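A short write-up of the structure that comes next.
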Amino acid sequence: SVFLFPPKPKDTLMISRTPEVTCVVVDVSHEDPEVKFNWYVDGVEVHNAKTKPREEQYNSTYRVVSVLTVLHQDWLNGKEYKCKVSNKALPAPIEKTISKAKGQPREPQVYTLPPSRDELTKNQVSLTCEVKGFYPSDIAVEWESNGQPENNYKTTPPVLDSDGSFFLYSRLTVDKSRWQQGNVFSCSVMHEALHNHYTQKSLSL
Amino acid sequence: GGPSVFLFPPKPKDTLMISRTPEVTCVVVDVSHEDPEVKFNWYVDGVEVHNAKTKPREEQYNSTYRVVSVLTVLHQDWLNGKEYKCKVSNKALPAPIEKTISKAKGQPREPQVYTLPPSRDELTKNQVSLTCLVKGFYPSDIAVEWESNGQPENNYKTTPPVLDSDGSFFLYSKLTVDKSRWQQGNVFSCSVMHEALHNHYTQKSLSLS
Ligand SMILES: *[C@@H]1O[C@H](CO[C@@H]2O[C@@H](C)[C@@H](O)[C@@H](O)[C@@H]2O)[C@@H](O[C@@H]2O[C@H](CO)[C@@H](O[C@@H]3O[C@H](CO[C@H]4O[C@H](CO)[C@@H](O)[C@H](O)[C@@H]4O[C@@H]4O[C@H](CO)[C@@H](O)[C@H](O)[C@H]4NC(C)=O)[C@@H](O)[C@H](O[C@H]4O[C@H](CO)[C@@H](O)[C@H](O)[C@@H]4O[C@@H]4O[C@H](CO)[C@@H](O)[C@H](O)[C@H]4NC(C)=O)[C@@H]3O)[C@H](O)[C@H]2NC(C)=O)[C@H](O)[C@H]1NC(C)=O
Ligand SMILES: *[C@@H]1O[C@H](CO[C@@H]2O[C@@H](C)[C@@H](O)[C@@H](O)[C@@H]2O)[C@@H](O[C@@H]2O[C@H](CO)[C@@H](O[C@@H]3O[C@H](CO[C@H]4O[C@H](CO)[C@@H](O)[C@H](O)[C@@H]4O[C@@H]4O[C@H](CO)[C@@H](O)[C@H](O)[C@H]4NC(C)=O)[C@@H](O)[C@H](O[C@H]4O[C@H](CO)[C@@H](O)[C@H](O)[C@@H]4O[C@@H]4O[C@H](CO)[C@@H](O)[C@H](O)[C@H]4NC(C)=O)[C@@H]3O)[C@H](O)[C@H]2NC(C)=O)[C@H](O)[C@H]1NC(C)=O
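If you want it as structure tokens, here you go:
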């Protein structure tokens, strides 16, 4: 079986990062272990992909994986990436294709929300970052304070809204004492439809 | 390429309200014309039970049959973590197919429910978001609704439950309303149903401070 996966949203938005499309072949037998990959961008064979080392599963099968480096702007411009897998246990080669969601990108609106008054009776308080109105659903969200990453947060998956855009929430949990000291926290959002693919909103007592 | 079986749980509100009828549903698809006969057996914690309601096979547009069996469950049995097993027999199969379902294992934990008003920055728009944060609950089986003046507010969306660092779940529900209605002092309410709540229910209100 073959499964094709898109790049991580953050990887396509920063030129320093390395976006990759991943073709994953599962249920590779010990009897027929060999597996070949062929890659195509908009139908044209490209030759820069590389096949990774494999791992054995608890059901005594092999997961084999190939990774193709893509050009940030090619992905964002909607190029189609086709993988083709060939193996002796497969009657014919399996092909899979993927590309970015189609349609007009829409800029996220980013709002920060202080903790509930009713949560402020707790030891830790939640700071919320609502991100709404964005399209496609590919997005990344992080938190920081004083130019340093704040990693004690969780983010919901994007949810389809009634207007065809997406929204999500990110929740940073912090010690109530930090909040009370007037420390400034910032929700950072990366999306293709933002200027320079990035915006930040701050939240403070 | 024989039959495939799918086993579906009851809906969360169905186990939480005695007025409702919770059911587990066993569905068999890809049943062939060459071997069209299917038998179900049902088990609750491994003990066979005989009160399921099974429907005659229905041919699909792809010339295979779909056959459904429905077992009514007792609310407290589900909430007590009983395991429901559907066994499907068909003479083409090498052995019967068995699937099991139950409530997620672990100690239940009561949701904390908080309401959050619109961001000041959002109050320049024609419509604004009212947020209901629901956190610290386990299992993830939950229902969230909005009302105002005892009437459903239907213009809302809820995130799926998300696993938190401490093993519990959280989610957010977002009610979009006209800014006018918010500024007029209308009270909106977020109601939550979960097994760890007292009477399986709680409600929290939100209006212009
Ligand atoms: C033996 O075991 C191995 C390993 O399994 C593991 O081992 C045992 C011990 C247990 O603990 C298992 O629970 C454990 O998983 C089995 O290998 C598995 O093989 C199955 C196929 O049978 C694969 O299922 C597919 O999974 C993809 C999603 O996969 C991502 O997410 C997984 C976690 O959720 C993760 O495990 C995967 O690695 C992968 O993760 C991503 O990886 C990429 C690349 O590295 C990375 O870039 C991503 O960031 C990363 N993301 C995450 C979240 O981690 C899923 O998409 C597939 O679903 C489609 O296909 C199904 C049909 O098979 C269908 O039912 C679905 O609906 C869906 O169908 C598609 O739907 C779309 C619309 O939604 C539609 O447009 C498409 O047309 C349609 N496509 C169709 C029809 O295919 C699918 O579920 C597992 O990935 C794989 N596990 C691993 C670890 O690789 C093996 O099966 C076992 N062998 C036996 C017993 O026979
Ligand atoms: C021939 O036709 C039949 C009938 O289809 C119909 O007719 C044809 C001609 C076409 O026109 C079709 O468009 C038309 O629908 C085909 O039958 C289908 O077969 C597939 C499998 O090949 C089944 O796929 C599974 O679907 C379930 C979800 O099913 C619910 O939701 C569907 C819509 O989203 C809906 O269509 C279904 O009716 C069903 O709806 C629910 O019904 C219950 C009971 O009545 C009800 O209580 C609910 O309210 C209702 N819900 C909704 C939303 O309506 C999906 O869960 C399955 O995914 C699991 O298994 C996959 C492997 O097969 C795997 O990849 C997934 O990851 C997933 O795995 C599970 O993951 C979860 C969490 O991660 C975990 O808890 C589980 O343990 C794990 N499962 C395991 C153990 O693996 C799967 O995708 C279709 O349901 C089925 N259709 C119908 C109507 O029965 C048939 O395939 C055709 N044959 C051929 C050869 O083409």
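Here the protein sequences come in this chain order: B and A.
For the first sequence, the authors' numbering assigns the number 239 to the initial residue and increments by one for each residue that follows.
For the second sequence, the authors' numbering assigns the number 236 to the initial residue and increments by one for each residue that follows.
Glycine included, every Cβ here is placed at the ideal spot set by N, Cα and C.
CA-to-CA distance, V264(A) to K360(B), given in whole angstroms:
Translated into positions along the first sequence, residue 360(B) becomes position 122. Translated into positions along the second sequence, residue 264(A) becomes position 29. Taking the straight line joining both Cα atoms gives about 51 Å.
DSSP three-state call for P271(A): helix, strand or coil?
Taking the first residue of the second sequence as position 1, residue 271(A) is located at position 36. Residue state, collapsed to three classes: coil.
If you reduce the DSSP assignment to three classes, tell me which class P247(B) lands in.
Start at 1 with the first residue of the first sequence, and residue 247(B) comes out as number 9. Note: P247(B) maps to helix in three-state DSSP.
Ends of the alpha helix (DSSP H) at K414(A)?
Mapped onto the second sequence, residue 414(A) falls at position 179. Residues 414-418.
For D401(A), which three-state DSSP category applies?
As a first step, residue 401(A) must be located in the second sequence, where it is residue number 166. Of the three classes helix, strand and coil, the one that applies to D401(A) here is coil, per DSSP.
Report yes or no: do the segment 317-329 of chain B and the segment 266-285 of chain B share at least 3 C-beta pairs separated by less than 8 Å?
yes
For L406(A), is the classification buried or exposed, using 16 other Cβ atoms within 10 angstroms of its Cβ as the cut-off for buried?
Translated into positions along the second sequence, residue 406(A) becomes position 171. Buried is the call here.
How is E380(B) classed by DSSP in three states: helix, strand or coil?
Position 142 of the first sequence holds residue 380(B). It is a strand residue.
Below 8 Å on C-beta distance, what does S364(A) contact in chain B?
As a position in the second sequence, residue 364(A) is number 129, starting the count at 1. Going along chain B in sequence order, the residues near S364(A) (Cβ under 8 Å) are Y349, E368, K370.
6 Å CB neighbourhood of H429(B) in its chain, flanking five on each side removed:
One-based indexing of the first sequence puts residue 429(B) at position 191. So the list reads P346, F372, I377, once near-sequence residues are dropped.
Could you check whether the Cβ of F243(A) sits closer than 7 Å to any heavy atom belonging to ligand 1?
Numbered from its first residue, the second sequence carries residue 243(A) at position 8. Flag unset: Cβ of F243(A) not near ligand 1.
In the DSSP assignment, what residue or residues form a beta bridge with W277(B)?
Residue numbering aside, residue 277(B) sits at position 39 when the first sequence is read from its first letter. Note: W277(B) sits in a beta bridge opposite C321(B).
Measure from the C-beta of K392(A) to each C-beta in chain B and report whether the shortest distance is under 8 Å.
Counting from 1 along the second sequence, the entry for residue 392(A) is found at position 157. Yes, its Cβ sits closer than 8 Å to a Cβ of chain B.
Going by Cα to Cα distance, which pick from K288(B), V262(B), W417(B) is closest to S239(B)?
On the first sequence, residue 239(B) is found 1 positions in, with the first residue counted as 1. Among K288(B), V262(B), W417(B), the Cα nearest to that of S239(B) belongs to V262(B).
Please classify residue 223(B): does DSSP put it in a helix, a strand, or coil?
This structure cannot settle anything about residue 223(B), because the visible part of chain B is limited to 239 through 443.
Do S364(B) and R416(B) come within 8 Å of each other at the CB atom, strictly closer than that value?
For the purposes of this step, residue 416(B) is taken as the residue at position 178 of the first sequence. For the purposes of this step, residue 364(B) is taken as the residue at position 126 of the first sequence. Contact flag unset, no.
From this set, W381(A), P387(A), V308(A), which residue's C-alpha is nearest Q438(A)'s C-alpha?
As a position in the second sequence, residue 438(A) is number 203, starting the count at 1. Considering only alpha carbons, the answer is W381(A).
Mind reading off the beta-carbon distance from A287(A) to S304(A)? Whole number of angstroms is fine, and I expect it under 8 Å.
Within the second sequence, numbered from 1, the residue matching residue 287(A) stands at position 52. Within the second sequence, numbered from 1, the residue matching residue 304(A) stands at position 69. Their Cβ separation, rounded to whole angstroms, is 5 Å, which keeps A287(A) and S304(A) in contact under 8 Å.
Considering only residues of the same chain and omitting the five flanking positions on each side of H435(A), which have a CB-CB separation below 8 Å?
Here residue 435(A) refers to the residue found at position 200 when the second sequence is read from its first residue. Contacts found: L251, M252, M428, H429.
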